[PDB]
Structures are given as C-alpha cells and as structure tokens.
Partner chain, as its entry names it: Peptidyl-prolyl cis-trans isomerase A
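In the form solved without the partner chain, a lone chain appears below as structure tokens.
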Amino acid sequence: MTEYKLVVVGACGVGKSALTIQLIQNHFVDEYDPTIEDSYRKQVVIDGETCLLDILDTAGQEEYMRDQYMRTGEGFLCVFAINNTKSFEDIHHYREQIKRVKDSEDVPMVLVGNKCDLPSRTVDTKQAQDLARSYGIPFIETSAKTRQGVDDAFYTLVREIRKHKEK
C-alpha cells in the first residue's frame, strides 16, 4: 500500500498527541507525556485508496536541536488551540520551521484549530481563516475530545499531499 508521512507540529499543550491518539485509537486522552515524540502507524481507506499513514507526533525538539524525523514529512498539521492565543501567535514560527526543513514555500499543510468543544474561545474563526488564506492552506477546527473534524483534518492533509505530488 501507499505510505503517507504526516507530521503534527505546534505549541506544547494544543492537543497534538490527543489528536493523533483520537485518530488511531478512537479514544480521548486527558493527559499524555508532553516530552514523548514517536511516530504512529494507521492503515485507512481514503477515497478508495488503502493508505498507510506514518504520523510523527512532535514534542518540540527545536524549541526545547533539529528534529531529523521531520525532514522526511510529506505533509504537516500546524496545530493551535482555539482557547490559547499564544499557540495561534506561535503558528508563524512553525510555518517558518516547516519552510526551512523542506526548503520550500509550497509544502502540503493544514492549519488546525483544536479544542473546538471548549467554550473559552480566544481565537476567532476569521482570524484563523485570514492566516490560512495568506499561507494558501486549508483551515479546519477539531476536537480531539469529541472527534469532531479529526478524520477530516488528517484526510484533508493526505489530499493536500496528493495535490502536490503523485503518490
């Protein structure tokens, strides 16, 4: 089957691990070791193609040396949390990092606004839409707690990779 190398990036605490674990195990984690970085595998049918997703759940090596495992990534989920203004403001840094590791301004990428189930919103959907439009990428809101938008964010990334290269 076809392998898709996905990388999940973003500020600590936005829900990178919870989004990955919800996608793979259909379960929401109340806590997950903030320092653990690992790649997880998931076989799934997307638009009739049997795909092997190899997802790197980053812990933030550069912020806390270069992460050698990110360089082979074909697509990136850039995650902020809708109740964490700082994580949204940090999106510029992660996008610059992705451009640097791939030496390109045309990288398959999806801006993800996680924790959409929470009522303490500080990042408006229009702020995230403006940011995603300047980068030329899709913006999707998710909840790793309720699974709302989770499959869509990962499948949209797979579709963005296909849009960029033959798979």
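Positions refer to the first chain, counted from 1.
This next part talks about the form solved in complex with the partner chain, which is not shown.
A heavy atom within 4.5 Å of the partner chain in the deposited bound form is found for exactly one of 124, 130, 63, 47: 63. A residue is said to contact a partner when one of its heavy atoms sits within 4.5 Å of a partner heavy atom; residue 146 fails this definition for the partner chain in the deposited bound form, lying far away.
Within this chain, residue 134 is remote from the site of the partner chain in the deposited bound form, having no heavy atom within 4.5 Å. By the criterion of a heavy atom within 4.5 Å, residue 43 is counted among the residues contacting the partner chain in the deposited bound form. With a 4.5 Å cutoff on heavy atoms, residue 36 counts as touching the partner chain in the deposited bound form. With contact defined as any non-hydrogen atom lying within 4.5 angstroms of the partner chain in the deposited bound form, 1 is the only contacting residue in 1 to 21.
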